[PDB]
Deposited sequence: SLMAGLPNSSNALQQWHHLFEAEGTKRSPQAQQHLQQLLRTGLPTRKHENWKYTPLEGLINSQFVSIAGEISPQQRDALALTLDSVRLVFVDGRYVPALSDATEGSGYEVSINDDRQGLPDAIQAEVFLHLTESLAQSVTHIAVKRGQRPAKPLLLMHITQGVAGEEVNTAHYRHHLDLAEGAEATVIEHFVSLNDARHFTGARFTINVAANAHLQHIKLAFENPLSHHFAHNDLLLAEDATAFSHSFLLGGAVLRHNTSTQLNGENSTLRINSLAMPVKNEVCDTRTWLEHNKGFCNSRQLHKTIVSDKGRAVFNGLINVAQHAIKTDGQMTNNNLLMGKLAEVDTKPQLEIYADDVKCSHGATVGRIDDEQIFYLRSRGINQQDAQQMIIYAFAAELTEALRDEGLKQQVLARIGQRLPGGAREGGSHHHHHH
């Protein structure tokens, strides 16, 4: 039952040395509790597979070879985390990289949550350490920072759970690209929780990429926060291509004028999967431009869920915000639920949103088939083209090809 899952997580919390901040989030976890399908934000995302499980929290050890077999081919400053723990022996040295990094459980400097919710509190409470990352004023690291997360399940019916917590501060004029990569060690199911919070100061430029590529049976529940000051730029691209049930939130505050924001995501549930991609955006100051593109491709008995809220505060004049959610359904058993929302309290603004749902039109495939292209190839071409606005945002070609290959595994004919 619901209380049982909470009881077990509560037990794991008290198993350890918890910070005052994690204690506060534990209290909030218990005050908020777990939701039912009647809750406003949980009508379409099942928790039964999680709630009815017995949990464990074991931190294993892997070799360099096991890391390499799961790793992305990319020139980066790579930090490796295994079953909720930073592993120095598998990580790159950070001194002189342009990234100031300290892993510890001191949380006095972390900002408050933008949008509190149950799984954010769970991850805050259970994470055993925080990855404190900082890029100093005007610094532009030569290589992107890669956060590689390797989580494994245990044999039997128990569900191993690992919760990761990182914070990045980009000081004024700093420019950096950070990549989150999540993989499973094997086919055993696990429950991954994650929370990456980022502060972007004046004139700073952030490029954030999330690659959620865990196995087909696991649960992935994450909530990232983006806090932007004035004259700031932030782009976040999420490729949610792993897990049986995944629910990712990106909450953002535009707390300064003249900033630019883009938040995109791709979801491609297959089999009996549920992929839930959500955003919460607050235009608290005027003169900011935001653009969101969330595309989904749903096959088999899959279900994609989109939720996007944009709140424009009073007097946030010259706000220019757009949100688009395009959903492609493949097959008569596919499902998609979408709720793009607007709360607009300023008049001198340009705000709009749109959501579309359909399948590959016979008319579009007709012109590929007329050239002799077979059905599966034609469908793959159309799907890649549908995802192209999102995958073309990946500057590194090598990285882009790897993401395209992960997409390829979910296409008709693979």
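- Several segments of the deposited sequence have no coordinates for C-alpha: 1-7, 23-24, 424-435, numbered from the first residue.
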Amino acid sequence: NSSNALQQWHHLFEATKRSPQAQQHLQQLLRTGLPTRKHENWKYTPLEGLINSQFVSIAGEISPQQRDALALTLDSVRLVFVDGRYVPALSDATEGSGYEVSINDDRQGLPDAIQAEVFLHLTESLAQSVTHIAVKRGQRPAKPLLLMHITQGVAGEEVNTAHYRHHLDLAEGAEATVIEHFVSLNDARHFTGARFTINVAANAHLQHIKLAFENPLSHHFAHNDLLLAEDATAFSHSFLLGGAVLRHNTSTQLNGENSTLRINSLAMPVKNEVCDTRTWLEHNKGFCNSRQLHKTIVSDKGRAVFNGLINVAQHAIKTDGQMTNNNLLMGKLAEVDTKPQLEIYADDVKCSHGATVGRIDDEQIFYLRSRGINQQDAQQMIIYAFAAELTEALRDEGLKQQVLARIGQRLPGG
From here on, numbers count along this sequence of modelled residues.
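- Looking at 108-116 and 221-229 together, the entry lists the larger mean B-factor for 108-116, computed on C-alpha atoms.
- Mean CA B-factor, 200-208 versus 68-76: the higher value falls on 68-76.
- In this entry, the residue among 266, 103, 270, 336 with the greatest C-alpha B factor is 103.
- The residue among 291, 140, 167, 318 whose C-alpha carries the highest B-factor in the deposited model is 140.
- In this PDB entry, the Cα temperature factor of residue 90 sits in the top third of its chain's modelled residues, the highest group.
- Among all modelled residues in its chain, residue 349 ranks in the middle third by Cα B-factor.
- Residue-level temperature factors show residue 216 in the middle third of its chain, judged at the C-alpha atom.
- Ranked against the other modelled residues of its chain, the C-alpha B-factor of residue 149 as given in the entry falls in the middle third.
- The deposited CA B-factor of residue 300 belongs to the middle third of values across its chain.
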